[PDB]
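First, one chain by itself: the form deposited in one PDB entry, in structure tokens.
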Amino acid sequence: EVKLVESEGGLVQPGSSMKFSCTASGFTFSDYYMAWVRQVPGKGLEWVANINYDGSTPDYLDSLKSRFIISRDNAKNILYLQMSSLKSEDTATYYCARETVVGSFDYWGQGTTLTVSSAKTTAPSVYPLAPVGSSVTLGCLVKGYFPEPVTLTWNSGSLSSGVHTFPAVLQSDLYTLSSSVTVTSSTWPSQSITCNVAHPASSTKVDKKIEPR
């Protein structure tokens, strides 16, 4: 019904800059305050800034009034958040949110990850996990990527139920993750099962299929 879609996120070195955008559809953009909210993964929410109807008066969190600029384009229905002189503390997932007359957030985008780091973007290595009962368990090991996150999917969403995707563990500036899937022994390997991984930071996608060993 109401859609807030934020631009692609990215990884940035301290001191550099990144501008996010957010395209709005399904409502009159010019009828609402719009805002940005950021959340460090696994942590609470933090309001960053907001903008009024015509964009005449933006307001910010005091700590960020210096480095953060919020802007709107009512003709194109897009909200912008320009950041400068970024630091590691600024690493978060940033949400595009439509603000209520009172100060509520009625609708949220899906968020866009910004990672601030001196570390280098590394594509993940995807290895299959196959064994040597009625149900069978297969796995994927996504190893050696940076930054986070990676999207992991089995058979393009066909396999939704038996999935477990464990949180990544960081060692030496690279992440390692693991995904489980439990499927009926009748279906595997009679029917193939492939493991879809996506690392938006490097714009790479991997689809390794698990074949019996």
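Rigid core here is just the name for the largest C-alpha set that superposes within 1.5 Å across the two forms. Quick note: we count residues from 1 along the sequence shown, nothing fancier.
Although it is not shown, the form deposited in another entry is what the next lines describe.
Engineer: Using the rigid core as the reference frame, would you say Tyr32 shifts its C-alpha by 2 Å or more between the shown form and the other one?
Structural biologist: Shift of 2 Å or more: no.
Engineer: Take the rigid core as the frame of reference and indicate whether the C-alpha of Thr194 shifts by 2 Å or more between the shown form and the other one.
Structural biologist: Yes, the C-alpha moves 2 Å or more.
Engineer: Rigid core fitted, is the C-alpha displacement of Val116 between the shown form and the other one 2 Å or more?
Structural biologist: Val116 C-alpha, core-superposed: shift of less than 2 Å.
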